[PDB]
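Student: Just passing along the structure, written as structure tokens.
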Amino acid sequence: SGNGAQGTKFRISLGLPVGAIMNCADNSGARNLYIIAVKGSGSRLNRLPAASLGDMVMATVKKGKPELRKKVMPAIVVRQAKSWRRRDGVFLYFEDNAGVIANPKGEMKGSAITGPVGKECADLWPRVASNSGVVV
Amino acid sequence: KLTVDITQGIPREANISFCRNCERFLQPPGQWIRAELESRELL
Amino acid sequence: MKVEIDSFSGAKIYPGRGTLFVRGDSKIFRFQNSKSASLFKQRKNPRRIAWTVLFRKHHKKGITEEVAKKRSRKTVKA
Amino acid sequence: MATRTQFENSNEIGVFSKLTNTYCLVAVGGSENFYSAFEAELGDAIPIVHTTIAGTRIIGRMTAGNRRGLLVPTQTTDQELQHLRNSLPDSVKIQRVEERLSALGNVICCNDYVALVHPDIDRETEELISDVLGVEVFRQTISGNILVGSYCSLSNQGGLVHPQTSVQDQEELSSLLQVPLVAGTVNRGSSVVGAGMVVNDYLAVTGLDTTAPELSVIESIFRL
Amino acid sequence: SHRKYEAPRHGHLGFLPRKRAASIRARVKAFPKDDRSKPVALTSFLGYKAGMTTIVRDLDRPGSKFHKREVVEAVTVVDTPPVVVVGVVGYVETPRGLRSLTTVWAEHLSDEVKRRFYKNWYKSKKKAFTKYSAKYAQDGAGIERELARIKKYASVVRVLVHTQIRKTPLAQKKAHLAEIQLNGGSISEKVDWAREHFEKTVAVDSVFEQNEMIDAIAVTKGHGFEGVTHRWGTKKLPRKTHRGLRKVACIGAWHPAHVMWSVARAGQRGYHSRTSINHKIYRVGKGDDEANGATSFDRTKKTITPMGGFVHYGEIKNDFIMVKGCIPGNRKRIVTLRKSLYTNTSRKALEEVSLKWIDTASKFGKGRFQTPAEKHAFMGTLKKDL
RNA sequence: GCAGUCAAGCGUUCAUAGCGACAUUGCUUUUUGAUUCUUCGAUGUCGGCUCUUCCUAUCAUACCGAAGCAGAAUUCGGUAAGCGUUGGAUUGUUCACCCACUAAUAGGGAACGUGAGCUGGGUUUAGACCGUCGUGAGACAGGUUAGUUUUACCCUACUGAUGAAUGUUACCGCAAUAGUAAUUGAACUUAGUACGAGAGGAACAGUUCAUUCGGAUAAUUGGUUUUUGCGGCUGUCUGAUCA
Ligand SMILES: [Mg+2]
Ligand SMILES: [Mg+2]
Ligand SMILES: [Mg+2]
Ligand SMILES: [Mg+2]
Ligand SMILES: [Mg+2]
Ligand SMILES: [Mg+2]
Ligand SMILES: [Mg+2]
Ligand SMILES: [Mg+2]
Ligand SMILES: [Mg+2]
Ligand SMILES: [Mg+2]
Ligand SMILES: [Mg+2]
Ligand SMILES: [Mg+2]
Ligand SMILES: [Mg+2]
Ligand SMILES: [Mg+2]
């Protein structure tokens, strides 16, 4: 919610610590994404920094094509299993955690994104909403 | 075609340690080395 | 303001109440409470649960309102 | 005039706007620097409507339409839909579409005579695309991409497409569409051309990062 | 030696000592800034906490993403009947502070307050104010002296008031007496305002209007004795620790050779006085009204009372202040509402609110129905009923 | 280790914007030596975890002064310890070194803070293996494997909690003294404007969100279930139905 991010995100619950493996929503070779760090996190002794829907995270490709493996690179989270309230009222949650691989400007490397995407991820990143099939 | 990329990555400023009496240069492990400037400290 | 209905049973859900579930194939389910939501995770059929609207509509339970007669006819002629 | 503009600081105008012949739409949260491009050259010709679709500021990717019809998803509220009932002229036909494949702007890709759509779209929905718009629908995919709408800008005069496309696929579309297509790029070499810019008969707005060699290929083929 | 990894301390050090407060009814430590240009009014008010419910409203903040949108929100409901005024108290100023010069009481008093002057009412001969009411027997030599007294001297002027506990679903019959400051013009007009209002009623709408930011002053919910982990929010020690893990490991260094005030220990949690500021009023609903929870968009004839009552309280057949957020202290408890101390320009504290809808379902477990009329309509006829 | 004084060479001209050699004058007790005053009828001998507080010789955060300061990005110095200073891979480690986030990943003290607070990987009993040494018993501060962590109920301190006696008893207040808290960052707008030959590229005022910390609260969402509240299931016992 900052690195060339078009908008200010309202706080939503965290369900993706460091060490999580979310799936790869885009179609640029990678299968799943091992989060190592979350861009714009705070600091507290002993607290693990944790991502949410719409945050940009640094990641490695643990399962996928060999060109993407063995390199830390950025990535954006497009779905979540930990439920969150919306200002309108409802608590909602997708079936799984998933994200797309993207460069530090916030642009897409893939051409299309399978499954649904959050509305809160779409507003924030224009090139994610460009390549989306569904939005919520 | 050229003059596009940054190809930076590596930091522009860095540190080295030096014994002032003996005239030796520190390494990241325990090695102290013997190099009176010139070709060795380049490497 | 809007009032959406429950996916499992059939009851109405007033604002700020119950969960919502976006499935992996882009489909949206609303629940009034964790009873209807736990029966969804357990893989239960709502046509066989006595207390649901999908049960009581299929079995003709309390059909005196629906089955009763009512006036509906006209004839202008011109 | 291929007018350069940004939205807050974004070059992707086709995300935040939807430009056709009879009407024009824009996203709500913008500065007066955004609207000077749209309002000045048009002046008092067509109605420029401020709106949001499904509580988002990405109306370009959610909507899709031509001179006769504007398609929207089910999330649009009565407050949002009634605002379009009043704002737009009498000739246009607005309608909610019921389909669980996407937001419409990446799927649909159309103008007056011919339309391009997503290959997986169902038969129940595709009749409403023909009936309301008044266009013969044909299912196509730009050089492998199923998301046609983000990698292909189109119009009555011509159409700009995805950079990495063959000679056969462009000339095959000229039989169906009946126009000369030119594969190019926009905004300092973005492959995402559909969301980067907008276009119609009178005007062709694009991002501020577009260069002079690239802005020559845009205004020539569209014929302004 | 040094701390290895720096980290901010657990707990706030100007909330000490955490000792059981001196009475359920909290003191108002500070009244707002007196302006003698404006007329005489009341600065605070007494009510009883009923519970919470849910609201829907349309947001009106230009610049936000949620602009011209609907939002749900939590609200408290404090039950607030009229207060009765029975005395005045004039304070003279000295080099040592404010000193109370004279108090003056009304001729007649209710049993509701007489009550408050006894511990064993039922055995009492009930002789309170029997000798004072005899002062009022004569024309007024001893009484009008003591108001000329307050007019002549006296810098500020409080008014002595009490609740009508009887018009309320609680058990007790003993009302809550209190002082309340007047911030009007001329000490003469304040005391002449009191003179008139002996044994008179004051409602809530005269003090509090809608959209007004108010402060809530109360005693917090109690929990008795508590360990260091939950009391101060300190870390649990690991699993392998012999003899205790919900503790602090190092209580202090060798010098100073003394356990410090600053370190965290086990003890009392809850039942502390707390002032909580900047709560916005959303509704000053009327008692004698059968469209209390009714709104502009809603149009259903209903009260704020939920189905089957407010839990552990009752019904609310009185005036009330529906105030946004939450408030210190539990249900049933005496609360003091207070006017703001400063002029809050802000942007937010200014936004006029208009409600869409108020939830009136059962709070006694996952209620589906707003009204009992809507319960019978959905289900239809059953074995009992029609 | 830290600080002046003098200033060699540098810094295209130019000692002193800034780098800064050698000399000469000091402070420190976070290093290591030197000594043997105290303790051998015993002051628990590493590190880590946990937690408070203090120092400034200030990494960041506020306001300033200098520049070989056009702007941007920096460098040097002043007031200031109010407020913060992280997540991980290898190692028992202190130390070290890497990956990553960040506004910043400053340095130290408190019996080299802290074992009737823990842990016991390390060192340092007895078992056992190797290597070198020794005729041998055996040595090695060389490597390697396994090895008991006791007691609070006393006084004091800290935390909470009662309480005699000031004619009795009840209600409403005053405020001496003591404590005290908020913190940092993004976006939009200002503006592709100020400045600059170009490349590049600000700021005050406004709007909106968020990080760390704190005090409450339980509409809602989630957690908990001896409501043993309702329903189901197994085996057995009450002759079977019920219970
Ligand atoms: Mg730790
Ligand atoms: Mg143990
Ligand atoms: Mg409840
Ligand atoms: Mg000696
Ligand atoms: Mg001894
Ligand atoms: Mg000892
Ligand atoms: Mg200082
Ligand atoms: Mg660790
Ligand atoms: Mg020690
Ligand atoms: Mg000890
Ligand atoms: Mg021990
Ligand atoms: Mg041994
Ligand atoms: Mg031998
Ligand atoms: Mg051992």
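Going by the structure tokens order, chains are called A, B, ..., each with residues numbered from 1, while ligands are numbered from 1 in the order shown.
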Got a sec to pull out which chain A residues are within 10 Å of chain D, counting only C-alpha atoms, and send them as a compact mmCIF listing (two decimals) with N, CA and C atoms, in the first residue's frame?
Tutor:
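Contents of the output file out-v7.txt:
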# COMPACT_ATOMS: atom_id res chain seq x y z
N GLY A 4 4.40 2.62 -5.43
CA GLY A 4 3.67 2.94 -6.66
C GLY A 4 2.23 2.45 -6.62
N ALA A 5 1.61 2.57 -5.45
CA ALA A 5 0.26 2.06 -5.21
C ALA A 5 -0.74 3.20 -5.35
N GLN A 6 -1.71 3.02 -6.24
CA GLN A 6 -2.72 4.05 -6.52
C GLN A 6 -3.85 3.97 -5.48
N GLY A 7 -3.63 4.64 -4.34
CA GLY A 7 -4.61 4.73 -3.26
C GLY A 7 -4.06 4.41 -1.88
N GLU A 107 3.65 -3.25 -11.64
CA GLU A 107 3.14 -3.70 -12.94
C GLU A 107 3.11 -5.21 -13.01
N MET A 108 2.25 -5.74 -13.87
CA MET A 108 2.08 -7.18 -14.03
C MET A 108 3.12 -7.77 -14.98
N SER A 111 -0.05 -12.21 -18.04
CA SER A 111 -1.07 -11.64 -18.94
C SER A 111 -2.51 -11.86 -18.45
N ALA A 112 -2.77 -12.93 -17.69
CA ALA A 112 -4.11 -13.24 -17.19
C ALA A 112 -4.08 -13.87 -15.80
N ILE A 113 -5.14 -13.63 -15.02
CA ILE A 113 -5.24 -14.09 -13.63
C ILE A 113 -6.46 -14.99 -13.47
N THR A 114 -6.21 -16.26 -13.15
CA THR A 114 -7.29 -17.23 -12.93
C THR A 114 -8.03 -16.98 -11.61
N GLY A 115 -9.28 -17.44 -11.55
CA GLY A 115 -10.10 -17.32 -10.34
C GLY A 115 -10.62 -15.91 -10.12
N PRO A 116 -11.17 -15.65 -8.92
CA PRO A 116 -11.59 -14.30 -8.55
C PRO A 116 -10.46 -13.47 -7.91
N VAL A 117 -10.66 -12.16 -7.91
CA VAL A 117 -9.75 -11.20 -7.27
C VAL A 117 -10.59 -10.35 -6.31
N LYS A 119 -11.91 -6.94 -4.49
CA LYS A 119 -12.18 -5.58 -4.95
C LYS A 119 -11.14 -4.64 -4.31
N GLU A 120 -10.73 -4.96 -3.08
CA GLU A 120 -9.77 -4.16 -2.33
C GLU A 120 -8.35 -4.25 -2.87
N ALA A 122 -8.05 -4.75 -6.31
CA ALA A 122 -8.23 -4.19 -7.65
C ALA A 122 -8.08 -2.67 -7.69
N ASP A 123 -8.85 -1.96 -6.86
CA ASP A 123 -8.73 -0.49 -6.75
C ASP A 123 -7.29 -0.02 -6.59
N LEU A 124 -6.58 -0.73 -5.72
CA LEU A 124 -5.25 -0.33 -5.28
C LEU A 124 -4.19 -0.45 -6.39
N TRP A 125 -4.30 -1.50 -7.20
CA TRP A 125 -3.33 -1.79 -8.27
C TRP A 125 -4.07 -1.87 -9.62
N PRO A 126 -3.94 -0.83 -10.49
CA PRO A 126 -4.60 -0.80 -11.81
C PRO A 126 -4.26 -1.92 -12.79
N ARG A 127 -3.00 -2.34 -12.84
CA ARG A 127 -2.59 -3.44 -13.74
C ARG A 127 -3.04 -4.83 -13.29
N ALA A 129 -6.18 -5.09 -11.87
CA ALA A 129 -7.55 -4.95 -12.37
C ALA A 129 -7.65 -4.92 -13.91
N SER A 130 -6.54 -4.65 -14.59
CA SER A 130 -6.47 -4.81 -16.05
C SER A 130 -6.58 -6.29 -16.47
N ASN A 131 -5.78 -7.14 -15.83
CA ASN A 131 -5.69 -8.56 -16.17
C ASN A 131 -6.70 -9.47 -15.45
N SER A 132 -7.57 -8.90 -14.62
CA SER A 132 -8.53 -9.71 -13.86
C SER A 132 -9.62 -10.29 -14.76
N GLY A 133 -10.02 -11.52 -14.47
CA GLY A 133 -11.30 -12.04 -14.92
C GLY A 133 -12.35 -11.44 -14.01
N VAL A 134 -12.60 -12.10 -12.88
CA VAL A 134 -13.62 -11.68 -11.92
C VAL A 134 -13.07 -10.63 -10.94
N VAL A 135 -13.98 -9.84 -10.38
CA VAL A 135 -13.69 -9.01 -9.22
C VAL A 135 -14.78 -9.27 -8.17
N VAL A 136 -14.42 -10.06 -7.14
CA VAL A 136 -15.33 -10.52 -6.07
C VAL A 136 -16.44 -11.41 -6.62
Student: Using only C-alpha atoms (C1' of nucleotides), find the residues of chain E whose closest atom to chain F is at most 7 Å away, then write them as a PyMOL selection string.
Tutor: chain E and resi 1-2+6+12-14+16+52-54+63-64+74-75+97-99+117-118+237+241-242+248-255+258-263+265-268+326-328
Student: Take the residues from that selection and put them in a file with C-alpha atoms, as a compact mmCIF listing (two decimals), in the first residue's frame.
Tutor:
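Everything below was put into result_3.txt:
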# COMPACT_ATOMS: atom_id res chain seq x y z
CA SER E 1 24.83 -4.70 31.29
CA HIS E 2 22.65 -3.38 28.45
CA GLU E 6 15.27 -2.51 22.91
CA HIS E 12 0.91 3.21 31.09
CA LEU E 13 2.44 4.75 34.22
CA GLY E 14 0.04 7.67 34.75
CA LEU E 16 -1.53 4.35 38.89
CA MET E 52 -25.46 -1.82 22.83
CA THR E 53 -27.06 -2.31 19.39
CA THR E 54 -26.21 -1.71 15.67
CA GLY E 63 -12.23 13.15 -0.05
CA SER E 64 -12.87 9.66 1.38
CA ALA E 74 -21.92 0.09 17.00
CA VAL E 75 -23.79 2.32 19.49
CA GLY E 97 -8.48 26.58 46.81
CA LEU E 98 -12.28 26.56 46.29
CA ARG E 99 -14.21 26.39 49.61
CA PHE E 117 -29.18 9.55 53.88
CA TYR E 118 -29.75 6.12 55.56
CA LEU E 237 7.57 -17.51 29.73
CA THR E 241 9.90 -23.21 33.04
CA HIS E 242 9.90 -24.90 36.47
CA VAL E 248 7.88 -11.80 34.96
CA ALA E 249 11.28 -13.52 35.19
CA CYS E 250 13.51 -10.67 36.39
CA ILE E 251 11.75 -8.45 38.92
CA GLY E 252 14.79 -6.12 39.07
CA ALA E 253 18.60 -5.74 39.08
CA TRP E 254 20.82 -6.12 42.19
CA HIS E 255 21.05 -2.32 42.57
CA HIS E 258 14.78 -2.71 46.13
CA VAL E 259 11.89 -3.74 43.92
CA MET E 260 10.82 -0.71 41.87
CA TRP E 261 7.43 0.99 41.54
CA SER E 262 7.79 0.79 37.75
CA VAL E 263 7.79 -3.04 37.50
CA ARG E 265 3.04 -7.15 39.72
CA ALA E 266 -0.19 -9.11 40.38
CA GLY E 267 -3.26 -7.40 41.86
CA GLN E 268 -6.57 -5.62 41.30
CA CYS E 326 -18.48 2.14 23.58
CA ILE E 327 -18.30 3.66 27.06
CA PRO E 328 -16.50 2.78 30.33
Student: Check the smallest atom-to-atom distance from each of C:15, C:69, C:10, C:5 to residue 56 of chain C using only C-alpha atoms, then report the winner.
Tutor: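 Ranked by minimum distance to residue 56 of chain C, first place goes to C:10.
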Student: Skipping near chain neighbours, those fewer than 2 positions away, what residues fall within 10 Å of residue 19 of chain A using only C-alpha atoms (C1' of nucleotides), listed as a CSV table (one decimal) with C-alpha atoms, in the first residue's frame?
Tutor:
chain,number,residue,atom,x,y,z
A,16,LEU,CA,-0.2,-14.4,5.9
A,17,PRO,CA,2.9,-14.4,8.1
A,21,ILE,CA,3.1,-20.5,1.0
A,22,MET,CA,0.2,-19.0,-0.9
A,33,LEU,CA,5.0,-18.3,-3.6
A,34,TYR,CA,7.0,-18.5,-0.3
A,35,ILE,CA,6.6,-15.1,1.4
A,36,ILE,CA,9.8,-13.9,3.0
A,37,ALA,CA,8.9,-10.2,3.8
A,48,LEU,CA,6.4,-11.8,12.6
A,49,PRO,CA,5.5,-9.4,9.8
A,50,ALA,CA,2.3,-10.5,8.1
A,59,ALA,CA,8.7,-13.8,-2.4
Student: Taking the DSSP secondary structure from the backbone, can you list the residues of chain C that are helix (DSSP H, G or I), as number ranges by chain?
Tutor: C: 34-41, 53-58, 64-67
Student: Per residue of chain A within 10 Å of ligand 1, which atom pair is closest and at what distance in Å (one decimal), using only C-alpha atoms and all ligand atoms, listed by chain and increasing number, as CSV?
Tutor:
residue,atom,partner,partner_atom_place_in_ligand_line,distance
A:45,CA,ligand 1,1 (Mg),6.5
A:46,CA,ligand 1,1 (Mg),4.8
A:47,CA,ligand 1,1 (Mg),8.5
Student: I'd like the contact shell of segment 152-167 of chain D - 7 Å cut-off, only C-alpha atoms (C1' of nucleotides), skipping same-chain residues fewer than 2 positions apart - returned as a list in words.
Tutor: residues 110, 111, 112, 143, 148, 149, 150, 169, 170, 171, 179, 180, 181, 182, 183, 184, 185, 191, 193, 194, 200, 221, 222 and 223 of chain D
Student: If you run DSSP on this backbone, which residues of chain C come out as strand (DSSP E or B), and could you give them as a list in words?
Tutor: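 So, restricting chain C to strand (DSSP E or B), we get residues 4, 5, 12, 13, 19, 20, 21, 22, 23, 27, 28, 29 and 30 of chain C.
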Student: Could you list the protein, DNA and RNA residues that have any atom within 12 Å of ligand 4, counting only C-alpha atoms (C1' of nucleotides) and all ligand atoms, and write them as a list in words?
Tutor: residues 35, 36, 37, 38, 39 and 40 of chain F
Student: Put those residues in a file: C-alpha atoms (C1' of nucleotides), as a PDB file, in the first residue's frame.
Tutor:
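Output saved as part-v4.pdb:
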ATOM      1  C1'   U F  35      49.388  -5.680  41.701  1.00  0.00           C
ATOM      2  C1'   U F  36      47.432  -9.275  45.735  1.00  0.00           C
ATOM      3  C1'   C F  37      43.807  -5.022  49.931  1.00  0.00           C
ATOM      4  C1'   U F  38      38.776  -8.098  50.876  1.00  0.00           C
ATOM      5  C1'   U F  39      36.556 -13.475  50.515  1.00  0.00           C
ATOM      6  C1'   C F  40      39.357 -20.683  50.805  1.00  0.00           C
TER       7        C F  40
END
Student: Could you tell me how far atom CA of residue 94 of chain A sits from atom CA of residue 21 of chain C, in Å to one decimal place?
Tutor: 6.0 Å
Student: Could you list, as a PDB file with N, CA, C and O atoms (P, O5', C5', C4', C3', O3' and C1' of nucleotides), in the first residue's frame, all the residues within 10 Å of ligand 3, counting only C-alpha atoms (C1' of nucleotides) and all ligand atoms?
Tutor:
ATOM      1  N   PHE E 310     -33.501  -5.621  26.742  1.00  0.00           N
ATOM      2  CA  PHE E 310     -32.056  -5.531  26.893  1.00  0.00           C
ATOM      3  C   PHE E 310     -31.648  -6.565  27.940  1.00  0.00           C
ATOM      4  O   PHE E 310     -32.313  -6.693  28.974  1.00  0.00           O
ATOM      5  N   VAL E 311     -30.553  -7.282  27.691  1.00  0.00           N
ATOM      6  CA  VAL E 311     -30.157  -8.406  28.554  1.00  0.00           C
ATOM      7  C   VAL E 311     -29.622  -7.872  29.881  1.00  0.00           C
ATOM      8  O   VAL E 311     -28.837  -6.924  29.887  1.00  0.00           O
ATOM      9  N   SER E 362     -33.283  -9.717  18.848  1.00  0.00           N
ATOM     10  CA  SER E 362     -32.953 -10.249  20.178  1.00  0.00           C
ATOM     11  C   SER E 362     -31.444 -10.299  20.389  1.00  0.00           C
ATOM     12  O   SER E 362     -30.707 -10.777  19.520  1.00  0.00           O
ATOM     13  N   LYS E 363     -31.001  -9.804  21.546  1.00  0.00           N
ATOM     14  CA  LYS E 363     -29.589  -9.863  21.935  1.00  0.00           C
ATOM     15  C   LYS E 363     -29.275 -11.107  22.776  1.00  0.00           C
ATOM     16  O   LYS E 363     -28.114 -11.364  23.095  1.00  0.00           O
ATOM     17  N   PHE E 364     -30.307 -11.900  23.076  1.00  0.00           N
ATOM     18  CA  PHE E 364     -30.184 -13.153  23.829  1.00  0.00           C
ATOM     19  C   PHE E 364     -29.907 -14.374  22.930  1.00  0.00           C
ATOM     20  O   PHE E 364     -30.369 -15.483  23.220  1.00  0.00           O
ATOM     21  N   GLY E 365     -29.152 -14.164  21.847  1.00  0.00           N
ATOM     22  CA  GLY E 365     -28.611 -15.245  21.024  1.00  0.00           C
ATOM     23  C   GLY E 365     -29.157 -15.241  19.611  1.00  0.00           C
ATOM     24  O   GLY E 365     -30.306 -15.613  19.397  1.00  0.00           O
ATOM     25  N   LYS E 366     -28.333 -14.810  18.658  1.00  0.00           N
ATOM     26  CA  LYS E 366     -28.612 -14.902  17.212  1.00  0.00           C
ATOM     27  C   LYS E 366     -30.080 -14.707  16.841  1.00  0.00           C
ATOM     28  O   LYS E 366     -30.753 -15.641  16.398  1.00  0.00           O
ATOM     29  N   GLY E 367     -30.570 -13.489  17.049  1.00  0.00           N
ATOM     30  CA  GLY E 367     -31.948 -13.134  16.715  1.00  0.00           C
ATOM     31  C   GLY E 367     -32.120 -12.911  15.225  1.00  0.00           C
ATOM     32  O   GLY E 367     -31.292 -12.258  14.588  1.00  0.00           O
TER      33      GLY E 367
ATOM     34  P     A F 218     -19.388  -4.059  27.962  1.00  0.00           P
ATOM     35  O5'   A F 218     -19.427  -4.966  26.653  1.00  0.00           O
ATOM     36  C5'   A F 218     -20.304  -4.627  25.568  1.00  0.00           C
ATOM     37  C4'   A F 218     -20.145  -5.593  24.415  1.00  0.00           C
ATOM     38  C3'   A F 218     -20.689  -7.010  24.649  1.00  0.00           C
ATOM     39  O3'   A F 218     -21.676  -7.372  23.681  1.00  0.00           O
ATOM     40  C1'   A F 218     -18.576  -7.087  23.601  1.00  0.00           C
ATOM     41  P     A F 219     -23.239  -7.304  24.055  1.00  0.00           P
ATOM     42  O5'   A F 219     -23.961  -7.168  22.644  1.00  0.00           O
ATOM     43  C5'   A F 219     -23.411  -6.273  21.675  1.00  0.00           C
ATOM     44  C4'   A F 219     -24.393  -5.968  20.573  1.00  0.00           C
ATOM     45  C3'   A F 219     -24.265  -6.850  19.328  1.00  0.00           C
ATOM     46  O3'   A F 219     -25.251  -7.878  19.274  1.00  0.00           O
ATOM     47  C1'   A F 219     -23.800  -4.614  18.756  1.00  0.00           C
ATOM     48  P     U F 220     -24.859  -9.370  18.809  1.00  0.00           P
ATOM     49  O5'   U F 220     -23.922  -9.141  17.539  1.00  0.00           O
ATOM     50  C5'   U F 220     -24.479  -8.963  16.222  1.00  0.00           C
ATOM     51  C4'   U F 220     -23.388  -8.748  15.195  1.00  0.00           C
ATOM     52  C3'   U F 220     -22.503  -9.948  14.887  1.00  0.00           C
ATOM     53  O3'   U F 220     -23.074 -10.821  13.912  1.00  0.00           O
ATOM     54  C1'   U F 220     -21.177  -7.985  15.124  1.00  0.00           C
TER      55        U F 220
END
Student: Find the spatial neighbours of residue 18 of chain B, counting only C-alpha atoms (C1' of nucleotides), within a cut-off of 12 Å - ignore same-chain residues fewer than 5 positions away - and output them as a list in words.
Tutor: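 So, after excluding close chain neighbours, the residues are residues 23, 24, 25, 26, 27, 31, 32, 33, 34, 35, 36, 37 and 41 of chain B.
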Student: Given a cut-off of 12 Å, what residues near ligand 14 show up using only C-alpha atoms (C1' of nucleotides) and all ligand atoms, put as a PyMOL selection string?
Tutor: chain F and resi 92+120-124+145-147
Student: Per residue of chain B within 12 Å of chain F, which atom pair is closest and at what distance in Å (one decimal), using only C-alpha atoms (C1' of nucleotides), listed by chain and increasing number, as a tab-separated table?
Tutor:
residue	atom	partner	partner_atom	distance
B:27	CA	F:97	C1'	10.7
B:28	CA	F:97	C1'	6.9
B:29	CA	F:96	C1'	7.2
B:30	CA	F:96	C1'	9.0
Student: Keeping only N, CA and C atoms, write those residues as a PDB file, in the first residue's frame.
Tutor:
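The resulting out.pdb:
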ATOM      1  N   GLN B  27      39.949  -9.037   7.177  1.00  0.00           N
ATOM      2  CA  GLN B  27      39.005  -9.780   6.328  1.00  0.00           C
ATOM      3  C   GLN B  27      37.767 -10.139   7.188  1.00  0.00           C
ATOM      4  N   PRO B  28      36.642 -10.564   6.561  1.00  0.00           N
ATOM      5  CA  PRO B  28      35.448 -10.910   7.368  1.00  0.00           C
ATOM      6  C   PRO B  28      35.613 -12.068   8.385  1.00  0.00           C
ATOM      7  N   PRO B  29      36.390 -13.127   8.049  1.00  0.00           N
ATOM      8  CA  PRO B  29      36.796 -14.103   9.079  1.00  0.00           C
ATOM      9  C   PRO B  29      37.992 -13.607   9.931  1.00  0.00           C
ATOM     10  N   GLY B  30      38.796 -14.523  10.477  1.00  0.00           N
ATOM     11  CA  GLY B  30      39.967 -14.163  11.287  1.00  0.00           C
ATOM     12  C   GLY B  30      41.253 -13.780  10.559  1.00  0.00           C
TER      13      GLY B  30
END
Student: Would you list the residues that come within 9 Å of ligand 11? Count only C-alpha atoms (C1' of nucleotides) and all ligand atoms and give the answer as a list in words.
Tutor: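 Here is the list of contacting residues: residues 44, 115, 116, 118, 149 and 150 of chain F.
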Student: Neighbouring residues of ligand 12 are defined here as those with any atom at most 9 Å from a ligand atom, counting only C-alpha atoms (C1' of nucleotides) and all ligand atoms; list them as a PDB file with N, CA, C and O atoms (P, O5', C5', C4', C3', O3' and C1' of nucleotides), in the first residue's frame.
Tutor:
ATOM      1  P     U F 125      33.598 -32.484  33.954  1.00  0.00           P
ATOM      2  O5'   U F 125      34.013 -33.150  35.335  1.00  0.00           O
ATOM      3  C5'   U F 125      35.325 -32.993  35.901  1.00  0.00           C
ATOM      4  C4'   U F 125      35.497 -33.984  37.024  1.00  0.00           C
ATOM      5  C3'   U F 125      35.336 -35.440  36.612  1.00  0.00           C
ATOM      6  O3'   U F 125      36.529 -35.950  35.994  1.00  0.00           O
ATOM      7  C1'   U F 125      33.995 -35.000  38.525  1.00  0.00           C
ATOM      8  P     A F 126      36.434 -37.004  34.758  1.00  0.00           P
ATOM      9  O5'   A F 126      35.790 -38.289  35.446  1.00  0.00           O
ATOM     10  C5'   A F 126      36.503 -39.013  36.469  1.00  0.00           C
ATOM     11  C4'   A F 126      35.590 -39.976  37.189  1.00  0.00           C
ATOM     12  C3'   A F 126      35.007 -41.111  36.352  1.00  0.00           C
ATOM     13  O3'   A F 126      35.921 -42.192  36.161  1.00  0.00           O
ATOM     14  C1'   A F 126      33.307 -40.145  37.695  1.00  0.00           C
ATOM     15  P     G F 127      36.362 -42.631  34.677  1.00  0.00           P
ATOM     16  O5'   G F 127      35.011 -43.167  34.025  1.00  0.00           O
ATOM     17  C5'   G F 127      34.445 -44.432  34.425  1.00  0.00           C
ATOM     18  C4'   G F 127      33.456 -44.927  33.399  1.00  0.00           C
ATOM     19  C3'   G F 127      33.998 -45.183  32.005  1.00  0.00           C
ATOM     20  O3'   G F 127      34.655 -46.441  31.902  1.00  0.00           O
ATOM     21  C1'   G F 127      31.955 -44.023  31.851  1.00  0.00           C
ATOM     22  P     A F 128      36.043 -46.571  31.124  1.00  0.00           P
ATOM     23  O5'   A F 128      35.655 -46.177  29.631  1.00  0.00           O
ATOM     24  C5'   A F 128      34.779 -47.032  28.878  1.00  0.00           C
ATOM     25  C4'   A F 128      34.423 -46.413  27.551  1.00  0.00           C
ATOM     26  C3'   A F 128      35.575 -45.965  26.663  1.00  0.00           C
ATOM     27  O3'   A F 128      36.197 -47.068  26.004  1.00  0.00           O
ATOM     28  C1'   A F 128      33.858 -44.346  26.639  1.00  0.00           C
ATOM     29  P     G F 147      22.695 -37.328  28.426  1.00  0.00           P
ATOM     30  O5'   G F 147      22.831 -37.774  29.950  1.00  0.00           O
ATOM     31  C5'   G F 147      22.911 -36.816  31.024  1.00  0.00           C
ATOM     32  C4'   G F 147      23.795 -37.349  32.131  1.00  0.00           C
ATOM     33  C3'   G F 147      24.231 -36.337  33.186  1.00  0.00           C
ATOM     34  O3'   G F 147      23.346 -36.303  34.305  1.00  0.00           O
ATOM     35  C1'   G F 147      26.140 -37.394  32.271  1.00  0.00           C
TER      36        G F 147
END
